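J.: My structure is below; once you've seen it, I'll send some questions.
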2 protein chains.
Amino acid sequence: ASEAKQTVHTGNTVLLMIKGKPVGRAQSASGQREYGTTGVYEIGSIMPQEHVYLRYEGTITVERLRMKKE
Amino acid sequence: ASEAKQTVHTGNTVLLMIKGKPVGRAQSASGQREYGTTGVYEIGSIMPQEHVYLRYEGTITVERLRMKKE
């Protein structure tokens with residue numbers, strides 16, 4: 001039995017590709033992402049009035065076993 | 001302590017108003033005041049005999065985040 005209504009990605013389900021070649025023996029990939037969300041405050045209340053996005057940042061980290069070639 | 005019970009004013013306990021409308025996004029206000037207080041000296045003592053007020057001056061500075069309107 002194979003159902004689509006629930007499914008999760010897994011290490012076996014996902015290829016990593018660079019320039020149209022799959023990366024062999026990749027052990028992990030970690031993608032991280034940040035928007036710099038800054039809260040707006042003013043005289044008259046302690047509450048945040050608003051949030052603003054100010055600076056996008058992100059990194060991709062890859063661990064791999066060192067092959068003898070490629 | 002409850003806001004109704006604090007002994008000290010704090011930024012949330014006060015509002016800034018001009019022409020009967022609250023000034024939004026107010027970050028700070030600084031009020032300064034000078035009296036020109038000058039000491040009088042005379043021959044026979046090294047010490048000021050009295051101080052006198054000469055010229056009142058004062059400035060109020062307001063700083064805000066710039067809104068898209070108002």
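All residue names refer to the structure tokens as shown: chains lettered A, B, ... in order, residues numbered from 1 in each chain, ligands numbered from 1 in order.
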I'd like a table as CSV: residues in chain B with an atom no more than 8 Å from chain A, each row giving the shortest atom pair and its distance in Å to one decimal, only C-alpha atoms counted, sorted by chain and rising residue number.
T.:
```
residue,atom,partner,partner_atom,distance
B:11,CA,A:43,CA,5.0
B:12,CA,A:44,CA,4.1
B:13,CA,A:44,CA,6.2
B:14,CA,A:44,CA,5.6
B:15,CA,A:44,CA,5.3
B:16,CA,A:43,CA,7.7
B:24,CA,A:42,CA,7.3
B:25,CA,A:42,CA,4.9
B:26,CA,A:42,CA,5.4
B:27,CA,A:42,CA,5.6
B:28,CA,A:43,CA,7.5
```
J.: Taking C-alpha atoms for each residue, export the selection above as a PDB file, in the first residue's frame.
T.:
```
ATOM      1  CA  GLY B  11       7.554  55.227  29.100  1.00  0.00           C
ATOM      2  CA  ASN B  12       4.344  53.210  28.990  1.00  0.00           C
ATOM      3  CA  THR B  13       2.748  55.354  31.724  1.00  0.00           C
ATOM      4  CA  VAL B  14       2.985  58.602  29.692  1.00  0.00           C
ATOM      5  CA  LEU B  15       1.812  59.931  26.335  1.00  0.00           C
ATOM      6  CA  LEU B  16       3.148  62.715  24.134  1.00  0.00           C
ATOM      7  CA  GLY B  24       2.765  58.008  17.431  1.00  0.00           C
ATOM      8  CA  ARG B  25       6.044  56.090  17.252  1.00  0.00           C
ATOM      9  CA  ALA B  26       7.666  58.549  19.691  1.00  0.00           C
ATOM     10  CA  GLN B  27      11.049  57.117  20.679  1.00  0.00           C
ATOM     11  CA  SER B  28      12.356  59.764  23.074  1.00  0.00           C
TER      12      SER B  28
END
```
J.: Give the strand (DSSP E or B) residues of chain A, as DSSP finds them on the backbone, and put them as an MDAnalysis selection string.
T.: chainID A and resid 17:18 21:22 26:34 38:42 45:52 57:64
J.: How about saving the chosen residues, N, CA and C atoms kept, as a short mmCIF file (atom, residue, chain, number, x, y, z; two decimals), in the first residue's frame?
T.:
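Output file out.cif follows:
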```
data_model
loop_
_atom_site.label_atom_id
_atom_site.label_comp_id
_atom_site.auth_asym_id
_atom_site.auth_seq_id
_atom_site.Cartn_x
_atom_site.Cartn_y
_atom_site.Cartn_z
N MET A 17 21.54 17.55 -6.23
CA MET A 17 22.11 17.73 -7.56
C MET A 17 22.80 19.08 -7.67
N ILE A 18 23.98 19.07 -8.28
CA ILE A 18 24.72 20.28 -8.60
C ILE A 18 25.16 20.20 -10.06
N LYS A 21 24.58 16.95 -12.01
CA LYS A 21 25.15 15.70 -11.54
C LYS A 21 24.70 15.45 -10.10
N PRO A 22 24.28 14.23 -9.74
CA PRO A 22 24.01 13.96 -8.33
C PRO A 22 25.30 13.89 -7.52
N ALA A 26 26.73 12.16 -0.14
CA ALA A 26 26.36 13.26 0.74
C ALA A 26 25.70 12.72 2.00
N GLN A 27 26.18 13.17 3.16
CA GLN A 27 25.70 12.70 4.45
C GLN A 27 24.63 13.59 5.06
N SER A 28 24.70 14.91 4.88
CA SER A 28 23.63 15.78 5.34
C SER A 28 23.64 17.06 4.53
N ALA A 29 22.49 17.72 4.49
CA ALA A 29 22.38 19.10 4.03
C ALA A 29 21.54 19.86 5.04
N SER A 30 22.01 21.04 5.44
CA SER A 30 21.31 21.87 6.41
C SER A 30 21.10 23.26 5.83
N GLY A 31 19.85 23.65 5.64
CA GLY A 31 19.49 24.96 5.13
C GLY A 31 18.91 25.81 6.24
N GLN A 32 19.44 27.02 6.37
CA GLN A 32 19.08 27.95 7.44
C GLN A 32 18.79 29.30 6.81
N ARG A 33 17.91 30.07 7.44
CA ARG A 33 17.34 31.24 6.80
C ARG A 33 16.83 32.22 7.83
N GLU A 34 17.08 33.51 7.61
CA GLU A 34 16.77 34.52 8.61
C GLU A 34 16.36 35.81 7.91
N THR A 38 12.39 42.69 13.21
CA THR A 38 12.63 43.65 14.27
C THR A 38 11.30 44.21 14.75
N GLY A 39 11.09 44.22 16.06
CA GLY A 39 9.86 44.73 16.64
C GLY A 39 9.90 46.23 16.86
N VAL A 40 8.75 46.87 16.66
CA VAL A 40 8.60 48.32 16.78
C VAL A 40 7.95 48.62 18.12
N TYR A 41 8.55 49.54 18.87
CA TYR A 41 8.07 49.94 20.19
C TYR A 41 7.99 51.46 20.25
N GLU A 42 7.18 51.97 21.17
CA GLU A 42 6.96 53.40 21.27
C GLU A 42 6.60 53.77 22.70
N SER A 45 3.09 52.36 25.36
CA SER A 45 2.77 50.99 25.72
C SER A 45 4.03 50.14 25.69
N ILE A 46 4.02 49.07 26.49
CA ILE A 46 5.07 48.06 26.43
C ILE A 46 4.90 47.08 25.28
N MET A 47 3.75 47.06 24.63
CA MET A 47 3.50 46.04 23.62
C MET A 47 4.26 46.37 22.34
N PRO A 48 4.73 45.36 21.60
CA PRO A 48 5.12 45.62 20.21
C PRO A 48 3.93 46.07 19.39
N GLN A 49 4.14 47.12 18.61
CA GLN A 49 3.10 47.61 17.71
C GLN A 49 3.12 46.93 16.36
N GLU A 50 4.29 46.48 15.91
CA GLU A 50 4.45 46.02 14.54
C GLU A 50 5.75 45.23 14.47
N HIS A 51 5.88 44.41 13.43
CA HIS A 51 7.15 43.79 13.08
C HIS A 51 7.50 44.10 11.64
N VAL A 52 8.79 44.30 11.38
CA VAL A 52 9.29 44.66 10.06
C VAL A 52 10.43 43.73 9.69
N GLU A 57 19.01 36.67 5.23
CA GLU A 57 20.26 35.93 5.28
C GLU A 57 19.97 34.44 5.27
N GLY A 58 20.87 33.67 4.67
CA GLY A 58 20.72 32.22 4.68
C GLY A 58 21.98 31.48 4.27
N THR A 59 22.13 30.24 4.74
CA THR A 59 23.27 29.41 4.38
C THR A 59 22.83 27.98 4.12
N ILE A 60 23.58 27.28 3.28
CA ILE A 60 23.43 25.85 3.03
C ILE A 60 24.74 25.17 3.40
N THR A 61 24.68 24.19 4.30
CA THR A 61 25.84 23.45 4.76
C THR A 61 25.71 21.99 4.34
N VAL A 62 26.77 21.44 3.74
CA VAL A 62 26.76 20.07 3.23
C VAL A 62 27.93 19.31 3.83
N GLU A 63 27.66 18.13 4.37
CA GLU A 63 28.67 17.19 4.81
C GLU A 63 28.73 16.02 3.84
N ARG A 64 29.94 15.56 3.54
CA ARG A 64 30.11 14.51 2.56
C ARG A 64 31.34 13.69 2.92
#
```
J.: Grab the Cα RMSD for chain A fitted onto chain B, all atoms paired in sequence order, one decimal please.
T.: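 In short, the RMSD is 1.9 Å.
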J.: State, in Å with one decimal place, the distance from atom CA of residue 36 of chain B to atom CA of residue 55 of chain B.
T.: 5.0 Å
